[PDB]
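Before any questions on how it binds or moves, here is one chain, the form deposited in one PDB entry, in structure tokens.
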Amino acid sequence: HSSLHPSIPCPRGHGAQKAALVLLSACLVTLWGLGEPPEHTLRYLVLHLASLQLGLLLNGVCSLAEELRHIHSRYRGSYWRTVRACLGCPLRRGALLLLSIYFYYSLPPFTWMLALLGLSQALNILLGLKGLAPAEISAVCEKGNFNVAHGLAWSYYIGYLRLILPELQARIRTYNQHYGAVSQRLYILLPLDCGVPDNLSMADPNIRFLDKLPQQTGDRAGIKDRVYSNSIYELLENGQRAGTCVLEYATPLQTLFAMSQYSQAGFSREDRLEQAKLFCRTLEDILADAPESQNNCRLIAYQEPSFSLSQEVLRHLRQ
């Protein structure tokens, strides 16, 4: 469970499997109560599974009709890779297919039923009856890591935080020697609504600006001088300075907001809120394990309901 903010969803668990197990127990008890012959039960069950497997075969063929066009670009020119992409594993799938064919032909008309199954399966593709529910899609994305926020969080850590955080420790001490000493941490603001104004004082006038740390420079991706700059802010309580820290907005959140505005992005407000929460979770998880963040940085997540933002930083700064 995340410690940043209550609104952050936890990773999905096994609850579906437990519900399926309860359903299995109930179904078996019901079959025991009904008193129908066990052999007929087994026959019907195996026939149903065989029919499902054959429907899977036909759906895979329909998908293969599409994937073969991409054979060169996506599948590097191998027909077998395309076939596996459509069927998952041709060996296991072929074994189950042969078993299903044998059992469905033996146990019982085969040809008429096969045609009826193909007709049913074709309508599923054309009508779209097998479109997955939002929860099913969300679970698939989270397990596979097919998420916008996943890439943004790793991009943020790999590029910015990985480089600057080690140097941050040295730079802050240099500033304190040159100059009221500032806290020895970088504080990152995570607005779950993705506000992120470019001037921090506009967010809260109690946060006012102070001189900058020494610039950090590095050679990167063919640009010989990438300059990394950090600003210092003072926090006002009762109208006087009550804290001083190096402060940031998570810039990737600004990308999520902009994606929500552009029509070409295909990115909605609901996607923005879900991905914003996900971005916080994965960034929290990575920094926990990351060697670079010994004690160097702090994450602050908040959700505006007259807001406390200045007090929010102070609370963690005092903490």
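All residue numbers are counted from 1 along the displayed sequence. So that the term is clear: the rigid core is the largest set of C-alpha atoms that superpose within 1.5 Å between two forms.
The same protein has a further form, the form deposited in another entry, not shown here; the description that follows concerns it.
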- Message: Which residue of 244, 155, 78, 174 is the mover here, meaning its C-alpha shifts by 2 Å or more between this form and the one not shown once both are aligned on the rigid core?
- Response: 78
- Rigid core fitted, is the C-alpha displacement of residue 64 between this form and the one not shown 2 Å or more? yes
- Message: After superposing the rigid core, is the C-alpha displacement of residue 278 2 Å or more between this form and the one not shown?
- Response: no
- Compare the position of the CA of residue 202 between this form and the one not shown after a rigid core fit and state whether the shift reaches 2 Å. no
- Message: residue 284 and residue 16: their C-alpha distance differs by 3 angstroms or more in the other form. Do they come closer or move farther apart compared with the shown form?
- Response: farther
